[PDB]
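[1] here is my input, please return the structure:
(chains A, B, C, D, E, F, G, H and I, ligands or ions: 260)
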Amino acid sequence: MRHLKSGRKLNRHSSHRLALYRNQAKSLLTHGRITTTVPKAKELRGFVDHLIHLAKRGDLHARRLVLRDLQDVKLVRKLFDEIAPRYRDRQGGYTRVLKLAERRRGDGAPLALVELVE
Amino acid sequence: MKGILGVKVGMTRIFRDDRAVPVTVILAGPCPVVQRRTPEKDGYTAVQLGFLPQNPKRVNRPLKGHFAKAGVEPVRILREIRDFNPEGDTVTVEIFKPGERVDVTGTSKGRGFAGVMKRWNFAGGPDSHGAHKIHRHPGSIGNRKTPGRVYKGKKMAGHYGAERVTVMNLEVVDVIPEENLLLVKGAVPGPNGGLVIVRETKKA
Amino acid sequence: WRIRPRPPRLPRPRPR
Amino acid sequence: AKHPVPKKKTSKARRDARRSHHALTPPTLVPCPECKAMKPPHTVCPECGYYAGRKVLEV
Amino acid sequence: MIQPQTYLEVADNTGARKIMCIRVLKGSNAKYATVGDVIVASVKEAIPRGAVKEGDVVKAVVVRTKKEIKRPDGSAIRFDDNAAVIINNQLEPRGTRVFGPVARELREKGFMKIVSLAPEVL
Amino acid sequence: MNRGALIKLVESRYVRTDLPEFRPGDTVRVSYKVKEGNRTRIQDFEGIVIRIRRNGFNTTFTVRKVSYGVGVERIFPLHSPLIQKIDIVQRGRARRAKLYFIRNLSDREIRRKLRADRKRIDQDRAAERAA
RNA sequence: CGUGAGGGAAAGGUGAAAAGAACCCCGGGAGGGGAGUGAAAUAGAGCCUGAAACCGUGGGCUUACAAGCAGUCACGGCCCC
RNA sequence: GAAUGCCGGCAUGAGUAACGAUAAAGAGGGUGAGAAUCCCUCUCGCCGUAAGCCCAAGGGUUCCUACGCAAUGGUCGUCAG
RNA sequence: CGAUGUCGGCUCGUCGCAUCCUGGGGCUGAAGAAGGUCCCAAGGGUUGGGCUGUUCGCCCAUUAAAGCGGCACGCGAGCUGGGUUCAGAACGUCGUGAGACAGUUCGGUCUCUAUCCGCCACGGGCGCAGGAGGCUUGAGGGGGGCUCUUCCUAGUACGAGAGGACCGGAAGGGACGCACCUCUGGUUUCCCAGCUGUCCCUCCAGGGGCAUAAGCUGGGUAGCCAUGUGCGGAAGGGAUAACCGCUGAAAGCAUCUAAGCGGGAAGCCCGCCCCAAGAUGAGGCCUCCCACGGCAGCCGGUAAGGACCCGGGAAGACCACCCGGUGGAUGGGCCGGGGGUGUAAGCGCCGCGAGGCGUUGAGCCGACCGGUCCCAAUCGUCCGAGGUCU
Ligand SMILES: [Mg+2]
Ligand SMILES: [Mg+2]
Ligand SMILES: [Mg+2]
Ligand SMILES: [Mg+2]
Ligand SMILES: [Mg+2]
Ligand SMILES: [Mg+2]
Ligand SMILES: [Mg+2]
Ligand SMILES: [Mg+2]
Ligand SMILES: [Mg+2]
Ligand SMILES: [Mg+2]
Ligand SMILES: [Mg+2]
Ligand SMILES: [Mg+2]
Ligand SMILES: [Mg+2]
Ligand SMILES: [Mg+2]
Ligand SMILES: [Mg+2]
Ligand SMILES: [Mg+2]
Ligand SMILES: [Mg+2]
Ligand SMILES: [Mg+2]
Ligand SMILES: [Mg+2]
Ligand SMILES: [Mg+2]
Ligand SMILES: [Mg+2]
Ligand SMILES: [Mg+2]
Ligand SMILES: [Mg+2]
Ligand SMILES: [Mg+2]
Ligand SMILES: [Mg+2]
Ligand SMILES: [Mg+2]
Ligand SMILES: [Mg+2]
Ligand SMILES: [Mg+2]
Ligand SMILES: [Mg+2]
Ligand SMILES: [Mg+2]
Ligand SMILES: [Mg+2]
Ligand SMILES: [Mg+2]
Ligand SMILES: [Mg+2]
Ligand SMILES: [Mg+2]
Ligand SMILES: [Mg+2]
Ligand SMILES: [Mg+2]
Ligand SMILES: [Mg+2]
Ligand SMILES: [Mg+2]
Ligand SMILES: [Mg+2]
Ligand SMILES: [Mg+2]
Ligand SMILES: [Mg+2]
Ligand SMILES: [Mg+2]
Ligand SMILES: [Mg+2]
Ligand SMILES: [Mg+2]
Ligand SMILES: [Mg+2]
Ligand SMILES: [Mg+2]
Ligand SMILES: [Mg+2]
Ligand SMILES: [Mg+2]
Ligand SMILES: [Mg+2]
Ligand SMILES: [Mg+2]
Ligand SMILES: [Mg+2]
Ligand SMILES: [Mg+2]
Ligand SMILES: [Mg+2]
Ligand SMILES: [Mg+2]
Ligand SMILES: [Mg+2]
Ligand SMILES: [Mg+2]
Ligand SMILES: [Mg+2]
Ligand SMILES: [Mg+2]
Ligand SMILES: [Mg+2]
Ligand SMILES: [Mg+2]
Ligand SMILES: [Mg+2]
Ligand SMILES: [Mg+2]
Ligand SMILES: [Mg+2]
Ligand SMILES: [Mg+2]
Ligand SMILES: [Mg+2]
Ligand SMILES: [Mg+2]
Ligand SMILES: [Mg+2]
Ligand SMILES: [Mg+2]
Ligand SMILES: [Mg+2]
Ligand SMILES: [Mg+2]
Ligand SMILES: [Mg+2]
Ligand SMILES: [Mg+2]
Ligand SMILES: [Mg+2]
Ligand SMILES: [Mg+2]
Ligand SMILES: [Mg+2]
Ligand SMILES: [Mg+2]
Ligand SMILES: [Mg+2]
Ligand SMILES: [Mg+2]
Ligand SMILES: [Mg+2]
Ligand SMILES: [Mg+2]
Ligand SMILES: [Mg+2]
Ligand SMILES: [Mg+2]
Ligand SMILES: [Mg+2]
Ligand SMILES: [Mg+2]
Ligand SMILES: [Mg+2]
Ligand SMILES: [Mg+2]
Ligand SMILES: [Mg+2]
Ligand SMILES: [Mg+2]
Ligand SMILES: [Mg+2]
Ligand SMILES: [Mg+2]
Ligand SMILES: [Mg+2]
Ligand SMILES: [Mg+2]
Ligand SMILES: [Mg+2]
Ligand SMILES: [Mg+2]
Ligand SMILES: [Mg+2]
Ligand SMILES: [Mg+2]
Ligand SMILES: [Mg+2]
Ligand SMILES: [Mg+2]
Ligand SMILES: [Mg+2]
Ligand SMILES: [Mg+2]
Ligand SMILES: [Mg+2]
Ligand SMILES: [Mg+2]
Ligand SMILES: [Mg+2]
Ligand SMILES: [Mg+2]
Ligand SMILES: [Mg+2]
Ligand SMILES: [Mg+2]
Ligand SMILES: [Mg+2]
Ligand SMILES: [Mg+2]
Ligand SMILES: [Mg+2]
Ligand SMILES: [Mg+2]
Ligand SMILES: [Mg+2]
Ligand SMILES: [Mg+2]
Ligand SMILES: [Mg+2]
Ligand SMILES: [Mg+2]
Ligand SMILES: [Mg+2]
Ligand SMILES: [Mg+2]
Ligand SMILES: [Mg+2]
Ligand SMILES: [Mg+2]
Ligand SMILES: [Mg+2]
Ligand SMILES: [Mg+2]
Ligand SMILES: [Mg+2]
Ligand SMILES: [Mg+2]
Ligand SMILES: [Mg+2]
Ligand SMILES: [Mg+2]
Ligand SMILES: [Mg+2]
Ligand SMILES: [Mg+2]
Ligand SMILES: [Mg+2]
Ligand SMILES: [Mg+2]
Ligand SMILES: [Mg+2]
Ligand SMILES: [Mg+2]
Ligand SMILES: [Mg+2]
Ligand SMILES: [Mg+2]
Ligand SMILES: [Mg+2]
Ligand SMILES: [Mg+2]
Ligand SMILES: [Mg+2]
Ligand SMILES: [Mg+2]
Ligand SMILES: [Mg+2]
Ligand SMILES: [Mg+2]
Ligand SMILES: [Mg+2]
Ligand SMILES: [Mg+2]
Ligand SMILES: [Mg+2]
Ligand SMILES: [Mg+2]
Ligand SMILES: [Mg+2]
Ligand SMILES: [Mg+2]
Ligand SMILES: [Mg+2]
Ligand SMILES: [Mg+2]
Ligand SMILES: [Mg+2]
Ligand SMILES: [Mg+2]
Ligand SMILES: [Mg+2]
Ligand SMILES: [Mg+2]
Ligand SMILES: [Mg+2]
Ligand SMILES: [Mg+2]
Ligand SMILES: [Mg+2]
Ligand SMILES: [Mg+2]
Ligand SMILES: [Mg+2]
Ligand SMILES: [Mg+2]
Ligand SMILES: [Mg+2]
Ligand SMILES: [Mg+2]
Ligand SMILES: [Mg+2]
Ligand SMILES: [Mg+2]
Ligand SMILES: [Mg+2]
Ligand SMILES: [Mg+2]
Ligand SMILES: [Mg+2]
Ligand SMILES: [Mg+2]
Ligand SMILES: [Mg+2]
Ligand SMILES: [Mg+2]
Ligand SMILES: [Mg+2]
Ligand SMILES: [Mg+2]
Ligand SMILES: [Mg+2]
Ligand SMILES: [Mg+2]
Ligand SMILES: [Mg+2]
Ligand SMILES: [Mg+2]
Ligand SMILES: [Mg+2]
Ligand SMILES: [Mg+2]
Ligand SMILES: [Mg+2]
Ligand SMILES: [Mg+2]
Ligand SMILES: [Mg+2]
Ligand SMILES: [Mg+2]
Ligand SMILES: [Mg+2]
Ligand SMILES: [Mg+2]
Ligand SMILES: [Mg+2]
Ligand SMILES: [Mg+2]
Ligand SMILES: [Mg+2]
Ligand SMILES: [Mg+2]
Ligand SMILES: [Mg+2]
Ligand SMILES: [Mg+2]
Ligand SMILES: [Mg+2]
Ligand SMILES: [Mg+2]
Ligand SMILES: [Mg+2]
Ligand SMILES: [Mg+2]
Ligand SMILES: [Mg+2]
Ligand SMILES: [Mg+2]
Ligand SMILES: [Mg+2]
Ligand SMILES: [Mg+2]
Ligand SMILES: [Mg+2]
Ligand SMILES: [Mg+2]
Ligand SMILES: [Mg+2]
Ligand SMILES: [Mg+2]
Ligand SMILES: [Mg+2]
Ligand SMILES: [Mg+2]
Ligand SMILES: [Mg+2]
Ligand SMILES: [Mg+2]
Ligand SMILES: [Mg+2]
Ligand SMILES: [Mg+2]
Ligand SMILES: [Mg+2]
Ligand SMILES: [Mg+2]
Ligand SMILES: [Mg+2]
Ligand SMILES: [Mg+2]
Ligand SMILES: [Mg+2]
Ligand SMILES: [Mg+2]
Ligand SMILES: [Mg+2]
Ligand SMILES: [Mg+2]
Ligand SMILES: [Mg+2]
Ligand SMILES: [Mg+2]
Ligand SMILES: [Mg+2]
Ligand SMILES: [Mg+2]
Ligand SMILES: [Mg+2]
Ligand SMILES: [Mg+2]
Ligand SMILES: [Mg+2]
Ligand SMILES: [Mg+2]
Ligand SMILES: [Mg+2]
Ligand SMILES: [Mg+2]
Ligand SMILES: [Mg+2]
Ligand SMILES: [Mg+2]
Ligand SMILES: [Mg+2]
Ligand SMILES: [Mg+2]
Ligand SMILES: [Mg+2]
Ligand SMILES: [Mg+2]
Ligand SMILES: [Mg+2]
Ligand SMILES: [Mg+2]
Ligand SMILES: [Mg+2]
Ligand SMILES: [Mg+2]
Ligand SMILES: [Mg+2]
Ligand SMILES: [Mg+2]
Ligand SMILES: [Mg+2]
Ligand SMILES: [Mg+2]
Ligand SMILES: [Mg+2]
Ligand SMILES: [Mg+2]
Ligand SMILES: [Mg+2]
Ligand SMILES: [Mg+2]
Ligand SMILES: [Mg+2]
Ligand SMILES: [Mg+2]
Ligand SMILES: [Mg+2]
Ligand SMILES: [Mg+2]
Ligand SMILES: [Mg+2]
Ligand SMILES: [Mg+2]
Ligand SMILES: [Mg+2]
Ligand SMILES: [Mg+2]
Ligand SMILES: [Mg+2]
Ligand SMILES: [Mg+2]
Ligand SMILES: [Mg+2]
Ligand SMILES: [Mg+2]
Ligand SMILES: [Mg+2]
Ligand SMILES: [Mg+2]
Ligand SMILES: [Mg+2]
Ligand SMILES: [Mg+2]
Ligand SMILES: [Mg+2]
Ligand SMILES: [Mg+2]
Ligand SMILES: [Mg+2]
Ligand SMILES: [Zn+2]
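    Numbering: from 1, shown residues only, chains lettered A, B, ... in the order given. Ligands and ions are numbered 1, 2, ... in the order given. Next up is the structure itself:
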């Protein structure tokens, strides 16, 4: 059935779904705010919050870890140098998902924004 | 004929006389008597019970006035045990003791729109030898011109589970009065955290 | 059970 | 299969009977506490950009 | 879990080696036999000039199964093959020895002479 | 409420701590209690622990042996009151966590694949010096 | 349409006169609403007349315990002249 | 008024099946009355004895620009054979 | 005949009873056991194989038993396509010939979309004279209905012996059913590890993609599961069938019956489990709101309540159901525990090296049991009684 299952499938197979999350982490950590569909947005929260948390740690293990999903050493530096300090005292919840009022025209998909918290 | 409201909590096995007895644990007690059904006013004999304290905020006005007339603080569930009139005005696990024998009623795990093989233990079709897109399909559903129709109650696919299920003659293994725990060797309907009812057995 | 085998009245359908 | 086809042309009455469940439900809307404009609930106000009492985006 | 067509090893000096179960002697329509159940079997591979020969039809009781067996004490046990022991109608072994451990469940089922002759009752 | 707490609570009375810790690969000897006809015996089952599945109180470990030409696997609950005592008889080094693969190996292959975990042997003998 | 020989349609009508609708307004356009023309603009170019099936908006009577080739005969109720 | 009639018009099925390979998408920026679909960027994926390239037949302006979006494009379109 | 697709198989059953078994009986050339035979009884059950297209039939091994029939020889808009109707080819036979044969042989297009009834599930609407939130009665339906072996009685009754009970009381199974995941056993699409070829990041080390819609391999939580586990078939009351009686005339005797009363089946009615007041005959009880403004009707604003919207959920196709919505632990994050994997990178040291050792049960780490307001359930809006008549 589906009883007590975690995480959407989002109409992608196993690698595509992982890529989907990685490229959005790349995008979200790059711009600090992105518009997407509301399902995707809610899914983005944790995948990113793990990365920010591992940034907060800072040891070499954590960076080499995050690198596997983000691949970009300049980007990861933004994560450890500029982003992570903002959260040393924040006990999780480094992302925000707000829903937007208007819809896509070509398929009425409902939209949301995902940004990083102050 | 005594009963009690309770919640299914989870299964385990213990060891009793070098034998392994698989039990399920039910947080039964305590259940305050909220109303009593008497022949004069209602027709039959039963007790309305209560479970799980509730936010007096969450409990609406007509409900509130009901609870109050009995002297009870707001509680999440009202259910009746039939042909039961306990002496006190509050029911605990201690109305059962080990060696007894119970009937347990819960809501089964809902299997949603279930197929005909899951729901009715059918046997579908072959998975080779030319069998054509019918591997999970029921088969024939009727006859021909006579009767030219389908028997009422025909076993077909549809929703299955999330229905009331009562299991009979379950050994009371142990009662933990302090923590309001009731042990019962066997399988009780429903999921953990599901509301259940524990009455004395109908069997003998 | 009909002892005398019963011959088909129709051909197996073929495209026309 | 054997190509199930319809038997009788459905009545005017009957197809409209089928469609008694087809009425759209009008959009459910609330006034924005900042700019008073009728917006969907739990959505950032699309006409002044406010949500939760603060400014969130540009409109 | 022995059932018709199951091959089994014979664990005695009856001269058989493989038997092919063809019925579980357990009531009307039993699905599988386990340790302690009789079966009717066909001898499929024997050794020359023995108690039994190829193609015989002999009863036999199953002494160890490659499916595990649960026990009331929570334990379980499974062996590395499926083995049986040939018998006469009076459930007595038709050979003189037994080869390899047998489940203690044979005692409770009354196959004493097999348990006693076994090298290890487990 | 806490359903998990309540369950761990029932499991209490039956929990043991007298048992020496062991890992897959460790050859071991279980002294187990059996009933035969009437009497009660302590029968010893001795072999390499090949799996250890945990569920807290419901944890259970499987023990592979070879008996008079037949392989015997044997499952024991780690908190059974029929288990008198367990004596480690040899520590081994498992690069794996479930050793099902040794079912298919000869003697000289298993000895080659489960060498003595000298690290834990050294600690074993370093314990037991409770002077 | 057919390789080809060869097969082989559909499709007429503003008004007397273009006087074919400047200008303004909504709209991206289409389209429409005023203004104007005209005897007439449901003659506005998708244009004489503009039937029927078919779709629709509004109104009157009626319909959610009821069995039907759908009508018909009677009676009662409501609405209209 | 019926010829499985002929011609055309319009219904039903029905907002239903389907929207043409399961190689795959995500975000930012721009244009614009309008953007999942056009352009730019970065990211991800597919082909690589091809899903790249050059000839021949055949097709016959489909080439390149500019300005367009009624229809054509299975949606959208500011884009386009 | 402007088409009613035709054997057998599979699947799903449903009914009849002229009953194969199980139950209850009479008669027996019925000692006991076991049979024969007739009557009552359709509740439930009625196995797995070898051969043949086969239905059927024989055979093997069991069994309580391996019933016979109807439903378009039930069931091709459910499946098969072995038999049999097409065209190809051959054998025997027939025919000068083309060809042909209830004679044999090898091969041979089975059609994605369900309008109406019916059926399985799920809602929306209205009604149930005031409007509401709960909790219920159960009219009437449905489901279930099986049976074996061993022991005790007792090697007793019976019998020359072999053989072997009625009744009564124990325990253990087979098949089916509902439920469940503690255990056993699966899966567990990215939860951990290992490995090859190639391209890449960043040279080393470390990593990433692709080799499937997991590249391969070893493992695996929650969940969904059976091979695993729990429990069910009853008990018991009532009325009965065949059959057996008590009392008893008509008919001084006899008669189970004509008056009356018993006993007597797995069968019928209750009883068990489940659905159910659309049971329009629309039930019952507990609690809540209550005489609001204007010309048995209308128009508003409200009451108690409800709904929309949102966070969600072992609930679920949508709908519904159930929980929560800041006065809050609902999802996400985070933290602790569990659990899986089984000792990460980094450094130090050892070896020429592939590696090895230690740090280190380390590192990573879905869902499981919990905590935590860090993030998101902001803010609100709309419907909603004034109660007809004797
Ligand atoms: Mg499923
Ligand atoms: Mg699925
Ligand atoms: Mg969850
Ligand atoms: Mg995932
Ligand atoms: Mg899909
Ligand atoms: Mg898709
Ligand atoms: Mg897609
Ligand atoms: Mg889709
Ligand atoms: Mg892949
Ligand atoms: Mg965007
Ligand atoms: Mg997580
Ligand atoms: Mg560093
Ligand atoms: Mg990671
Ligand atoms: Mg579109
Ligand atoms: Mg669009
Ligand atoms: Mg919206
Ligand atoms: Mg659980
Ligand atoms: Mg105890
Ligand atoms: Mg309940
Ligand atoms: Mg449920
Ligand atoms: Mg479900
Ligand atoms: Mg199920
Ligand atoms: Mg089922
Ligand atoms: Mg099944
Ligand atoms: Mg089957
Ligand atoms: Mg199957
Ligand atoms: Mg089958
Ligand atoms: Mg086919
Ligand atoms: Mg298939
Ligand atoms: Mg099909
Ligand atoms: Mg079918
Ligand atoms: Mg009929
Ligand atoms: Mg349901
Ligand atoms: Mg049920
Ligand atoms: Mg019992
Ligand atoms: Mg045709
Ligand atoms: Mg089909
Ligand atoms: Mg087909
Ligand atoms: Mg079709
Ligand atoms: Mg017709
Ligand atoms: Mg019609
Ligand atoms: Mg009409
Ligand atoms: Mg109409
Ligand atoms: Mg209709
Ligand atoms: Mg519809
Ligand atoms: Mg509407
Ligand atoms: Mg052997
Ligand atoms: Mg041997
Ligand atoms: Mg031979
Ligand atoms: Mg031979
Ligand atoms: Mg011995
Ligand atoms: Mg010895
Ligand atoms: Mg737990
Ligand atoms: Mg587990
Ligand atoms: Mg060994
Ligand atoms: Mg080694
Ligand atoms: Mg070591
Ligand atoms: Mg052409
Ligand atoms: Mg031609
Ligand atoms: Mg031409
Ligand atoms: Mg022609
Ligand atoms: Mg004209
Ligand atoms: Mg003219
Ligand atoms: Mg004129
Ligand atoms: Mg203008
Ligand atoms: Mg303008
Ligand atoms: Mg303008
Ligand atoms: Mg334009
Ligand atoms: Mg104009
Ligand atoms: Mg206009
Ligand atoms: Mg105009
Ligand atoms: Mg004028
Ligand atoms: Mg005009
Ligand atoms: Mg006119
Ligand atoms: Mg005119
Ligand atoms: Mg016209
Ligand atoms: Mg004229
Ligand atoms: Mg006209
Ligand atoms: Mg016209
Ligand atoms: Mg007209
Ligand atoms: Mg109208
Ligand atoms: Mg009207
Ligand atoms: Mg009428
Ligand atoms: Mg009526
Ligand atoms: Mg009426
Ligand atoms: Mg009517
Ligand atoms: Mg009639
Ligand atoms: Mg009629
Ligand atoms: Mg008519
Ligand atoms: Mg009259
Ligand atoms: Mg005529
Ligand atoms: Mg026609
Ligand atoms: Mg026709
Ligand atoms: Mg005509
Ligand atoms: Mg025509
Ligand atoms: Mg025509
Ligand atoms: Mg025309
Ligand atoms: Mg036409
Ligand atoms: Mg026509
Ligand atoms: Mg038309
Ligand atoms: Mg019409
Ligand atoms: Mg149409
Ligand atoms: Mg139709
Ligand atoms: Mg239509
Ligand atoms: Mg539509
Ligand atoms: Mg639809
Ligand atoms: Mg349809
Ligand atoms: Mg289609
Ligand atoms: Mg198509
Ligand atoms: Mg579709
Ligand atoms: Mg297609
Ligand atoms: Mg392909
Ligand atoms: Mg496609
Ligand atoms: Mg494919
Ligand atoms: Mg992106
Ligand atoms: Mg893009
Ligand atoms: Mg433009
Ligand atoms: Mg557009
Ligand atoms: Mg895009
Ligand atoms: Mg874009
Ligand atoms: Mg577009
Ligand atoms: Mg696209
Ligand atoms: Mg572009
Ligand atoms: Mg980027
Ligand atoms: Mg190449
Ligand atoms: Mg291609
Ligand atoms: Mg050319
Ligand atoms: Mg062309
Ligand atoms: Mg266009
Ligand atoms: Mg345009
Ligand atoms: Mg144009
Ligand atoms: Mg087009
Ligand atoms: Mg278009
Ligand atoms: Mg196209
Ligand atoms: Mg071009
Ligand atoms: Mg015919
Ligand atoms: Mg016809
Ligand atoms: Mg026809
Ligand atoms: Mg026809
Ligand atoms: Mg036949
Ligand atoms: Mg009879
Ligand atoms: Mg009998
Ligand atoms: Mg009988
Ligand atoms: Mg005799
Ligand atoms: Mg007798
Ligand atoms: Mg008799
Ligand atoms: Mg029957
Ligand atoms: Mg058979
Ligand atoms: Mg064979
Ligand atoms: Mg056969
Ligand atoms: Mg046959
Ligand atoms: Mg035959
Ligand atoms: Mg018999
Ligand atoms: Mg027999
Ligand atoms: Mg029949
Ligand atoms: Mg039948
Ligand atoms: Mg007939
Ligand atoms: Mg027929
Ligand atoms: Mg037939
Ligand atoms: Mg049919
Ligand atoms: Mg048929
Ligand atoms: Mg067919
Ligand atoms: Mg057929
Ligand atoms: Mg048919
Ligand atoms: Mg048909
Ligand atoms: Mg054929
Ligand atoms: Mg074929
Ligand atoms: Mg043939
Ligand atoms: Mg001749
Ligand atoms: Mg001649
Ligand atoms: Mg002649
Ligand atoms: Mg022939
Ligand atoms: Mg013939
Ligand atoms: Mg033939
Ligand atoms: Mg062939
Ligand atoms: Mg098809
Ligand atoms: Mg329909
Ligand atoms: Mg109808
Ligand atoms: Mg019909
Ligand atoms: Mg309803
Ligand atoms: Mg009333
Ligand atoms: Mg009311
Ligand atoms: Mg209510
Ligand atoms: Mg409600
Ligand atoms: Mg009830
Ligand atoms: Mg009833
Ligand atoms: Mg009824
Ligand atoms: Mg009944
Ligand atoms: Mg029964
Ligand atoms: Mg005796
Ligand atoms: Mg006696
Ligand atoms: Mg004797
Ligand atoms: Mg007895
Ligand atoms: Mg059954
Ligand atoms: Mg089931
Ligand atoms: Mg379940
Ligand atoms: Mg379950
Ligand atoms: Mg579990
Ligand atoms: Mg397991
Ligand atoms: Mg498991
Ligand atoms: Mg990961
Ligand atoms: Mg190599
Ligand atoms: Mg690689
Ligand atoms: Mg490297
Ligand atoms: Mg390394
Ligand atoms: Mg690449
Ligand atoms: Mg590639
Ligand atoms: Mg790929
Ligand atoms: Mg492969
Ligand atoms: Mg991989
Ligand atoms: Mg795997
Ligand atoms: Mg596994
Ligand atoms: Mg799992
Ligand atoms: Mg599990
Ligand atoms: Mg099972
Ligand atoms: Mg079972
Ligand atoms: Mg049972
Ligand atoms: Mg009875
Ligand atoms: Mg007498
Ligand atoms: Mg007398
Ligand atoms: Mg008498
Ligand atoms: Mg009488
Ligand atoms: Mg009587
Ligand atoms: Mg008597
Ligand atoms: Mg009686
Ligand atoms: Mg019974
Ligand atoms: Mg109920
Ligand atoms: Mg009601
Ligand atoms: Mg009710
Ligand atoms: Mg009635
Ligand atoms: Mg009425
Ligand atoms: Mg009434
Ligand atoms: Mg009433
Ligand atoms: Mg009521
Ligand atoms: Mg009543
Ligand atoms: Mg739902
Ligand atoms: Mg939902
Ligand atoms: Mg919806
Ligand atoms: Mg909704
Ligand atoms: Mg509620
Ligand atoms: Mg609520
Ligand atoms: Mg609120
Ligand atoms: Mg609320
Ligand atoms: Mg929370
Ligand atoms: Mg809570
Ligand atoms: Mg939490
Ligand atoms: Mg979630
Ligand atoms: Mg732990
Ligand atoms: Mg651990
Ligand atoms: Mg190491
Ligand atoms: Mg290391
Ligand atoms: Mg290293
Ligand atoms: Mg060195
Ligand atoms: Mg090593
Ligand atoms: Mg660990
Ligand atoms: Mg982690
Ligand atoms: Mg952890
Ligand atoms: Mg707190
Ligand atoms: Mg507001
Ligand atoms: Zn605003």
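
[2] return the longest strand seen in chain A as CSV; C-alpha atoms alone will do.
    The strand that spans the most residues within chain A, counting by DSSP state E, is strand A:95-103. Taking Å, rounded to 0.1, in the frame of the first residue of the first chain, the C-alpha atoms of strand A:95-103 are listed here in CSV:
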residue,chain,number,x,y,z
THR,A,95,14.7,26.7,5.3
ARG,A,96,11.3,28.3,4.7
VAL,A,97,8.5,27.3,2.3
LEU,A,98,5.8,29.8,1.5
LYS,A,99,3.0,29.3,-1.0
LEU,A,100,2.3,31.7,-3.8
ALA,A,101,-1.1,32.9,-4.8
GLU,A,102,-1.1,32.5,-8.6
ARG,A,103,-0.6,29.4,-10.7
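
[3] quick one: buried residues of it?
    Buried residues in strand A:95-103, defined by neighbour count with 16 or more other CB atoms under 10 Å in any protein chain shown: A:95, A:96, A:97, A:98, A:99, A:100, A:101. For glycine as for every other residue, the C-beta is placed from the backbone atoms N, C-alpha and C.

[4] swap in stretch F:94-110?
    F:94, F:99, F:102, F:110.

[5] CA atoms of that stretch as CSV?
    Taking Å, rounded to 0.1, in the frame of the first residue of the first chain, the C-alpha atoms of stretch F:94-110 are listed here in CSV:
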residue,chain,number,x,y,z
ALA,F,94,34.2,-10.9,10.2
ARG,F,95,34.6,-8.4,7.4
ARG,F,96,30.8,-9.0,6.9
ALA,F,97,27.9,-8.7,9.4
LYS,F,98,25.8,-11.7,8.3
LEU,F,99,28.0,-14.7,7.5
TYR,F,100,25.5,-16.8,5.4
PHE,F,101,28.3,-17.2,2.8
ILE,F,102,30.1,-19.8,5.0
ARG,F,103,27.4,-22.3,4.3
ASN,F,104,29.0,-23.0,1.0
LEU,F,105,32.6,-23.4,2.0
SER,F,106,35.0,-26.2,2.9
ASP,F,107,36.9,-26.3,6.2
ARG,F,108,40.1,-24.9,4.8
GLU,F,109,38.2,-22.1,3.2
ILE,F,110,36.3,-21.0,6.4
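
[6] what's the offset of that stretch from the middle of its chain?
    16 Å (CA atoms, centre = their mean, to the nearest Å).

[7] so it, near ligand 57 or not?
    No: Stretch F:94-110 lies out of reach of ligand 57 by CB under 5 Å from the ion, never closer than 10.8 Å.

[8] ok, which of the buried residues of stretch F:94-110 also contact ligand 260?
    Counting by CB under 5 Å from the ion, no member of those reaches ligand 260.

[9] now for those: which two are most distant?
    Of all pairs drawn from these, the widest gap by CB to CB lies between F:94 and F:110 and measures 11.5 Å.

[10] picking that back up, can you name the next helix or strand after the longest strand of chain A?
    Counting by DSSP states H and E, the next helix or strand C-terminal to strand A:95-103 is strand A:110-116.

[11] pull out the buried residues from that following strand.
    Those would be A:111, A:112, A:113, A:114, A:115, A:116, for strand A:110-116 by 16+ other CB under 10 Å.

[12] likewise for stretch B:13-28?
    Quick answer for stretch B:13-28 (16+ other CB under 10 Å): B:13, B:14, B:15, B:20, B:21, B:23, B:24, B:25, B:26, B:27, B:28.

[13] ok, stretch F:70-88 next?
    F:70-80, F:82-83, F:86, F:88.
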